[PDB]
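For reference, the chain that follows is the form deposited in one PDB entry, supplied as structure tokens.
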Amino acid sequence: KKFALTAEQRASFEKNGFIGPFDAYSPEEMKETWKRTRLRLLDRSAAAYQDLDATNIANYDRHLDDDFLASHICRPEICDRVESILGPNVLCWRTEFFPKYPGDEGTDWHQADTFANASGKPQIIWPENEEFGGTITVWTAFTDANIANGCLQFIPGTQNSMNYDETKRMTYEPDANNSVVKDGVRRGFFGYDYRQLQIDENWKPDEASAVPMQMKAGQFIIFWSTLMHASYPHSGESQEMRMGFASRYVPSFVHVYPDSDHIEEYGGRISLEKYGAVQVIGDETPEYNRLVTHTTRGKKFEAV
């Protein structure tokens, strides 16, 4: 397809666990789009999750209500590259906004396979006979992302070995988890401390090997959720906030929210009544995955 990964790009992705950044929009187009979208998003009247029983869950699945985000997850610039990795039938099962306000703590080092990390209950389950896990995350810079405003960082080549155990639980305590200094860096996990999930209490991330991923507004980066990733803190030197938008993809055979009609995490609880996965690539998915074809405002999931 037109934006497929090259063979060299595919080799690099396999080695490093991330590939890009690539362009979805020009910086000028992204700036204007984000200006309008940020305002529109303040209206939650069509959101799939009405009652939040609050939470970071307020950032989830706005593609299910928003015209632009419904187009974005389907962008061929994104989907052709996801297809190179995930094959002919692929769902977007989750989206999340990741703001860093001026002064915010960096995102903790983490890896996720099942996404039971915060809730204690798996959200995606791959075939049990196989060795695959996690989700392909496409993280789009809705603003510029630089080290000073909290850009992402990765430890290359760590996507094939988990350092955390998502059957351990971590406690939600925002109070306590605010700019906790960890190996010289203010970091947290949206009210949790991801170190609580470490397989070995005394192990530490190989932060000396971390590399930054600075991006311009309109770019995206592709990485496995099993890759060691984090963000820098936002120093507040800029008075402009950083915004990333994550779209998460799995092959359609992966079980999405098995045995669940609600999720409880990040200090909130939501119903999955108006949730569905979106088929962004191909036209076959097993019956066990609930799909939607349109937003809650009747906009088709297709790139415009």
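Numbers follow the displayed sequence, beginning with 1. C-alpha atoms forming the largest set that superposes within 1.5 Å between two forms make up the rigid core.
Keep in mind that the form deposited in another entry is not shown, yet the notes after this line are about it.
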| item | value |
| --- | --- |
| Identity of the moved residue from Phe245, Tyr275, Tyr266, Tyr257, C-alpha shift 2 angstroms or more, core fit between the shown form and the other one | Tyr266 |
| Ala176 C-alpha moves between the shown form and the other one by 2 Å or more, core aligned | yes |
| Rigid-core frame, C-alpha of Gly120, shift of 2 angstroms or more between the shown form and the other one | yes |
| Cα-Cα trend for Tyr60 and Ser119, given that in that other deposited form the distance shifts by 3 Å or more | farther |
| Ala176 and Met241, C-alpha gap in that other deposited form relative to this structure (3 Å or more) | closer |
